[PDB]
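Enquirer: Coordinates in target_32.txt, compact mmCIF, N, CA and C atoms, are listed below.
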# COMPACT_ATOMS: atom_id res chain seq x y z
N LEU I 1 -13.82 11.47 13.68
CA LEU I 1 -14.38 10.29 13.04
C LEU I 1 -14.20 10.35 11.53
N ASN I 2 -14.14 11.56 10.98
CA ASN I 2 -13.91 11.75 9.55
C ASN I 2 -12.58 11.14 9.12
N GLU I 3 -11.54 11.39 9.92
CA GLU I 3 -10.23 10.79 9.69
C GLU I 3 -10.30 9.27 9.80
N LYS I 4 -11.10 8.79 10.75
CA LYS I 4 -11.27 7.36 10.98
C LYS I 4 -11.83 6.68 9.73
N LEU I 5 -12.60 7.43 8.95
CA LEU I 5 -13.09 6.95 7.67
C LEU I 5 -12.01 7.12 6.60
N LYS I 6 -11.25 8.20 6.72
CA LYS I 6 -10.13 8.46 5.82
C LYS I 6 -9.05 7.40 6.00
N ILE I 7 -8.98 6.83 7.20
CA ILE I 7 -8.07 5.73 7.50
C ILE I 7 -8.32 4.56 6.56
N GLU I 8 -9.60 4.21 6.43
CA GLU I 8 -10.02 3.15 5.53
C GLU I 8 -9.65 3.48 4.09
N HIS I 9 -9.71 4.76 3.75
CA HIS I 9 -9.31 5.22 2.42
C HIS I 9 -7.79 5.18 2.27
N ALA I 10 -7.08 5.51 3.35
CA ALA I 10 -5.63 5.53 3.35
C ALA I 10 -5.06 4.13 3.15
N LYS I 11 -5.77 3.12 3.65
CA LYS I 11 -5.37 1.73 3.49
C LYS I 11 -5.31 1.33 2.02
N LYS I 12 -6.36 1.68 1.28
CA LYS I 12 -6.48 1.35 -0.14
C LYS I 12 -5.26 1.81 -0.93
N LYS I 13 -4.89 3.07 -0.77
CA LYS I 13 -3.74 3.64 -1.46
C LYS I 13 -2.46 2.86 -1.16
N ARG I 14 -2.24 2.57 0.12
CA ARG I 14 -1.08 1.80 0.54
C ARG I 14 -1.18 0.35 0.09
N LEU I 15 -2.36 -0.25 0.26
CA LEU I 15 -2.58 -1.65 -0.09
C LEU I 15 -2.30 -1.89 -1.57
N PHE I 16 -2.75 -0.97 -2.42
CA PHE I 16 -2.42 -1.02 -3.84
C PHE I 16 -0.91 -0.92 -4.03
N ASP I 17 -0.30 0.02 -3.32
CA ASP I 17 1.14 0.24 -3.41
C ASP I 17 1.91 -1.01 -2.99
N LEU I 18 1.49 -1.61 -1.88
CA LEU I 18 2.11 -2.83 -1.38
C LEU I 18 2.07 -3.94 -2.42
N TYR I 19 0.88 -4.17 -2.99
CA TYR I 19 0.70 -5.14 -4.06
C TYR I 19 1.59 -4.82 -5.25
N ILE I 20 1.53 -3.56 -5.69
CA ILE I 20 2.33 -3.06 -6.80
C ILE I 20 3.82 -3.31 -6.56
N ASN I 21 4.25 -3.16 -5.31
CA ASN I 21 5.64 -3.40 -4.94
C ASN I 21 6.02 -4.88 -4.99
N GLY I 22 5.02 -5.74 -5.20
CA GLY I 22 5.26 -7.16 -5.31
C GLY I 22 5.17 -7.89 -3.98
N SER I 23 4.75 -7.17 -2.94
CA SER I 23 4.65 -7.73 -1.60
C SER I 23 3.50 -8.74 -1.50
N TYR I 24 2.35 -8.38 -2.06
CA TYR I 24 1.17 -9.23 -2.01
C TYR I 24 0.73 -9.67 -3.41
N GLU I 25 -0.04 -10.75 -3.47
CA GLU I 25 -0.57 -11.24 -4.74
C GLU I 25 -2.01 -10.76 -4.94
N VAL I 26 -2.55 -10.99 -6.13
CA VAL I 26 -3.91 -10.57 -6.46
C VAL I 26 -4.94 -11.28 -5.59
N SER I 27 -4.79 -12.59 -5.46
CA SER I 27 -5.73 -13.42 -4.70
C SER I 27 -5.93 -12.90 -3.28
N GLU I 28 -4.82 -12.64 -2.59
CA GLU I 28 -4.88 -12.10 -1.23
C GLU I 28 -5.30 -10.63 -1.25
N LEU I 29 -4.95 -9.93 -2.32
CA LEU I 29 -5.32 -8.52 -2.47
C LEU I 29 -6.83 -8.35 -2.54
N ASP I 30 -7.48 -9.20 -3.34
CA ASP I 30 -8.92 -9.12 -3.56
C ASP I 30 -9.71 -9.23 -2.26
N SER I 31 -9.45 -10.30 -1.51
CA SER I 31 -10.15 -10.55 -0.26
C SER I 31 -9.93 -9.40 0.73
N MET I 32 -8.71 -8.88 0.77
CA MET I 32 -8.39 -7.76 1.65
C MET I 32 -9.06 -6.47 1.20
N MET I 33 -8.88 -6.13 -0.07
CA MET I 33 -9.46 -4.93 -0.65
C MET I 33 -10.98 -4.92 -0.49
N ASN I 34 -11.60 -6.08 -0.72
CA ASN I 34 -13.04 -6.21 -0.55
C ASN I 34 -13.46 -6.07 0.90
N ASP I 35 -12.67 -6.65 1.81
CA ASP I 35 -12.95 -6.57 3.24
C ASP I 35 -12.87 -5.12 3.72
N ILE I 36 -11.84 -4.41 3.28
CA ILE I 36 -11.67 -3.01 3.63
C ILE I 36 -12.77 -2.16 3.00
N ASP I 37 -13.09 -2.45 1.74
CA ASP I 37 -14.19 -1.78 1.06
C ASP I 37 -15.50 -2.07 1.78
N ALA I 38 -15.65 -3.32 2.23
CA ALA I 38 -16.78 -3.69 3.06
C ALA I 38 -16.71 -2.93 4.38
N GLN I 39 -15.51 -2.91 4.97
CA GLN I 39 -15.28 -2.25 6.25
C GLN I 39 -15.73 -0.79 6.23
N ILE I 40 -15.49 -0.12 5.10
CA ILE I 40 -15.96 1.25 4.90
C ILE I 40 -17.47 1.33 5.04
N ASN I 41 -18.17 0.38 4.42
CA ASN I 41 -19.63 0.36 4.43
C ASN I 41 -20.22 0.31 5.84
N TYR I 42 -19.52 -0.36 6.75
CA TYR I 42 -19.95 -0.39 8.15
C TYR I 42 -19.77 0.99 8.78
N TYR I 43 -18.66 1.64 8.44
CA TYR I 43 -18.36 2.96 8.99
C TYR I 43 -18.68 4.08 8.00
N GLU I 44 -19.55 3.79 7.04
CA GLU I 44 -19.87 4.76 6.00
C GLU I 44 -20.77 5.89 6.52
N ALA I 45 -22.01 5.55 6.83
CA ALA I 45 -22.98 6.55 7.27
C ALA I 45 -22.97 6.74 8.79
N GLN I 46 -24.06 6.33 9.43
CA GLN I 46 -24.23 6.42 10.88
C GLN I 46 -24.16 7.86 11.39
N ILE I 47 -22.97 8.45 11.32
CA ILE I 47 -22.76 9.80 11.84
C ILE I 47 -23.57 10.84 11.07
N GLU I 48 -23.81 10.58 9.79
CA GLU I 48 -24.48 11.55 8.92
C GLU I 48 -25.46 10.89 7.96
N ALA I 49 -26.60 10.46 8.48
CA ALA I 49 -27.63 9.83 7.66
C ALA I 49 -28.99 9.88 8.35
N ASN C 1 18.98 2.14 -17.96
CA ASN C 1 19.18 2.37 -16.54
C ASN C 1 18.26 1.49 -15.70
N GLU C 2 18.72 1.15 -14.51
CA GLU C 2 18.00 0.24 -13.63
C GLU C 2 17.02 1.01 -12.74
N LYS C 3 16.14 1.79 -13.36
CA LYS C 3 15.21 2.63 -12.62
C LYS C 3 13.79 2.53 -13.18
N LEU C 4 13.68 2.16 -14.45
CA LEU C 4 12.38 2.06 -15.11
C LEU C 4 11.82 0.65 -15.04
N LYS C 5 12.71 -0.33 -15.08
CA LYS C 5 12.33 -1.73 -15.09
C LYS C 5 11.59 -2.11 -13.81
N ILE C 6 11.94 -1.45 -12.71
CA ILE C 6 11.21 -1.66 -11.47
C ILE C 6 9.83 -1.02 -11.59
N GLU C 7 9.75 0.10 -12.30
CA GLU C 7 8.48 0.76 -12.56
C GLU C 7 7.67 -0.02 -13.59
N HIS C 8 8.38 -0.65 -14.52
CA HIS C 8 7.77 -1.52 -15.52
C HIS C 8 7.07 -2.68 -14.83
N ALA C 9 7.72 -3.23 -13.80
CA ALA C 9 7.13 -4.30 -13.01
C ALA C 9 5.99 -3.75 -12.16
N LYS C 10 6.17 -2.54 -11.65
CA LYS C 10 5.14 -1.85 -10.88
C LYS C 10 3.91 -1.59 -11.74
N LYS C 11 4.14 -1.12 -12.96
CA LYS C 11 3.06 -0.86 -13.90
C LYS C 11 2.42 -2.16 -14.37
N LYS C 12 3.23 -3.22 -14.44
CA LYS C 12 2.75 -4.53 -14.87
C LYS C 12 1.68 -5.09 -13.94
N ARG C 13 1.94 -5.02 -12.63
CA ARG C 13 1.00 -5.54 -11.64
C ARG C 13 -0.31 -4.75 -11.63
N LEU C 14 -0.21 -3.45 -11.88
CA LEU C 14 -1.38 -2.59 -11.89
C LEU C 14 -2.32 -2.94 -13.05
N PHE C 15 -1.75 -3.37 -14.17
CA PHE C 15 -2.54 -3.68 -15.35
C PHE C 15 -3.42 -4.92 -15.15
N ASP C 16 -2.99 -5.82 -14.28
CA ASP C 16 -3.73 -7.05 -14.01
C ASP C 16 -5.07 -6.75 -13.34
N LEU C 17 -5.09 -5.69 -12.53
CA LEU C 17 -6.29 -5.31 -11.78
C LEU C 17 -7.42 -4.85 -12.71
N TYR C 18 -7.05 -4.48 -13.93
CA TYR C 18 -8.01 -3.99 -14.91
C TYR C 18 -8.94 -5.08 -15.44
N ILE C 19 -8.52 -6.33 -15.32
CA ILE C 19 -9.29 -7.44 -15.87
C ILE C 19 -10.46 -7.81 -14.97
N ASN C 20 -10.26 -7.72 -13.65
CA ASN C 20 -11.34 -7.98 -12.70
C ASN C 20 -12.42 -6.90 -12.73
N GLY C 21 -13.66 -7.29 -12.46
CA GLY C 21 -14.76 -6.36 -12.40
C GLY C 21 -14.70 -5.50 -11.15
N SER C 22 -13.91 -5.94 -10.18
CA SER C 22 -13.72 -5.21 -8.94
C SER C 22 -12.91 -3.93 -9.15
N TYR C 23 -12.59 -3.26 -8.04
CA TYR C 23 -11.83 -2.01 -8.05
C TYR C 23 -12.53 -0.90 -8.82
N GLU C 24 -11.89 0.26 -8.88
CA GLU C 24 -12.42 1.39 -9.64
C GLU C 24 -11.35 1.90 -10.60
N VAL C 25 -11.75 2.13 -11.84
CA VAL C 25 -10.82 2.55 -12.89
C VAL C 25 -10.16 3.89 -12.56
N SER C 26 -10.88 4.76 -11.86
CA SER C 26 -10.35 6.06 -11.47
C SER C 26 -9.12 5.89 -10.58
N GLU C 27 -9.21 4.96 -9.64
CA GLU C 27 -8.12 4.66 -8.73
C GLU C 27 -6.90 4.13 -9.49
N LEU C 28 -7.16 3.26 -10.46
CA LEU C 28 -6.09 2.64 -11.24
C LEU C 28 -5.44 3.64 -12.20
N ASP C 29 -6.27 4.41 -12.89
CA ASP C 29 -5.79 5.41 -13.84
C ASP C 29 -4.98 6.50 -13.16
N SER C 30 -5.41 6.88 -11.96
CA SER C 30 -4.73 7.91 -11.18
C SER C 30 -3.34 7.43 -10.76
N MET C 31 -3.26 6.17 -10.33
CA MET C 31 -1.99 5.57 -9.97
C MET C 31 -1.13 5.35 -11.21
N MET C 32 -1.77 4.89 -12.29
CA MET C 32 -1.08 4.68 -13.55
C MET C 32 -0.46 5.99 -14.04
N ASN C 33 -1.21 7.08 -13.93
CA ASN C 33 -0.72 8.40 -14.28
C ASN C 33 0.54 8.75 -13.49
N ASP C 34 0.53 8.44 -12.20
CA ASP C 34 1.67 8.69 -11.33
C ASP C 34 2.84 7.79 -11.72
N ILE C 35 2.53 6.56 -12.11
CA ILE C 35 3.54 5.61 -12.58
C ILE C 35 4.16 6.08 -13.89
N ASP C 36 3.32 6.46 -14.84
CA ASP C 36 3.77 6.91 -16.15
C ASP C 36 4.56 8.21 -16.07
N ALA C 37 4.19 9.06 -15.11
CA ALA C 37 4.82 10.37 -14.95
C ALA C 37 6.29 10.23 -14.57
N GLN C 38 6.59 9.25 -13.72
CA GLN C 38 7.96 9.01 -13.28
C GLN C 38 8.84 8.57 -14.45
N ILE C 39 8.24 7.85 -15.39
CA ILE C 39 8.97 7.33 -16.55
C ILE C 39 9.47 8.44 -17.47
N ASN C 40 8.55 9.31 -17.89
CA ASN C 40 8.88 10.40 -18.80
C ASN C 40 9.98 11.29 -18.23
N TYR C 41 9.93 11.52 -16.92
CA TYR C 41 10.98 12.25 -16.23
C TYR C 41 12.29 11.46 -16.28
N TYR C 42 12.20 10.16 -15.99
CA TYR C 42 13.37 9.29 -16.00
C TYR C 42 13.99 9.16 -17.39
N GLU C 43 13.16 9.19 -18.42
CA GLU C 43 13.61 8.99 -19.79
C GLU C 43 14.52 10.12 -20.28
N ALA C 44 14.01 11.35 -20.26
CA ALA C 44 14.76 12.49 -20.77
C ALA C 44 15.80 12.99 -19.76
N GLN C 45 16.90 12.25 -19.65
CA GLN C 45 17.99 12.63 -18.75
C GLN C 45 19.33 12.61 -19.47
N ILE C 46 19.37 11.96 -20.63
CA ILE C 46 20.59 11.83 -21.42
C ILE C 46 21.06 13.17 -21.97
N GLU C 47 20.13 13.92 -22.54
CA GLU C 47 20.44 15.21 -23.15
C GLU C 47 20.90 16.23 -22.11
N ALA C 48 20.48 16.04 -20.86
CA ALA C 48 20.87 16.93 -19.77
C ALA C 48 21.57 16.17 -18.65
Let me see the file written as structure tokens.
Expert:
Amino acid sequence: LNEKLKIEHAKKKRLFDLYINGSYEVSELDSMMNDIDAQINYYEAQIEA
Amino acid sequence: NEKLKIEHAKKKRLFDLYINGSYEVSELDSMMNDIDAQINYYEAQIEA
């Protein structure tokens, strides 16, 4: 499950890279980045809280 | 050389993220460091 949380972290690094590569724009980046950042919050604690 | 200008564009997009209150500066600076690192290596190639 730790990796499953690291997955959410792994997305950020790639998502930034994708945007940086010119694949995505800021507008679409924001909603996605926020959703994934939100997504982390759902899978943040639970196992250890 | 046609190797930095792509990084220049890469570095350009990263700078825009700094204006929004979102994201984390640590994430941006760390990537920026990686971006800038490739440049300095790319630059000093003429002498060798």
Enquirer: Could you list the residues in chain C lying within 7 Å of chain I, using all atoms listed in the file, and format the result as a list in words?
Expert: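 Residues passing the distance filter: residues 9, 10, 11, 13 and 14 of chain C.
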Enquirer: Rounded to one decimal in Å, what is the spacing between atom C of residue 25 of chain C and atom N of residue 2 of chain C?
Expert: 29.1 Å
Enquirer: Between atom CA of residue 27 of chain I and atom C of residue 8 of chain C, what distance in Å does the model show, to one decimal?
Expert: 19.5 Å
Enquirer: How far is it from atom CA of residue 2 of chain I to atom CA of residue 43 of chain I, in Å with one decimal?
Expert: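 Interatomic distance here is 9.9 Å.
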Enquirer: Can you pull out the residues contacting residue 38 of chain C? Cut-off 9 Å, using only C-alpha atoms, and skip same-chain residues under 5 positions away; I want them as a ChimeraX atom specification.
Expert: /C:4,7,33,43
Enquirer: Could you please write out, as JSON, numbers by chain, every residue of segment 6-38 of chain I that DSSP assigns to alpha helix (DSSP H)?
Expert: {"I": [6, 7, 8, 9, 10, 11, 12, 13, 14, 15, 16, 17, 18, 19, 20, 26, 27, 28, 29, 30, 31, 32, 33, 34, 35, 36, 37, 38]}
Enquirer: Leaving out residue 41 of chain I and any residue of its chain fewer than 6 positions from it, which residues lie within 12 Å of it when counting only C-alpha atoms, given as a PyMOL selection string?
Expert: chain I and resi 5+8-9+34-35
Enquirer: Go through I:31, I:1, I:7, I:23 one by one, measure the shortest atom-to-atom distance of each to residue 23 of chain C using only C-alpha atoms, and give the residue with the smallest value.
Expert: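 Among the listed residues, the smallest separation from residue 23 of chain C belongs to I:31.
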Enquirer: Produce the centre coordinates and the three edge lengths, each in Å to one decimal, of the box along x, y and z that contains all listed atoms of segment 4-19 of chain I with 6 Å added on each side, as lines of an AutoDock Vina configuration file.
Expert:
center_x = -5.5
center_y = 1.8
center_z = 2.9
size_x = 27.2
size_y = 25.9
size_z = 28.2
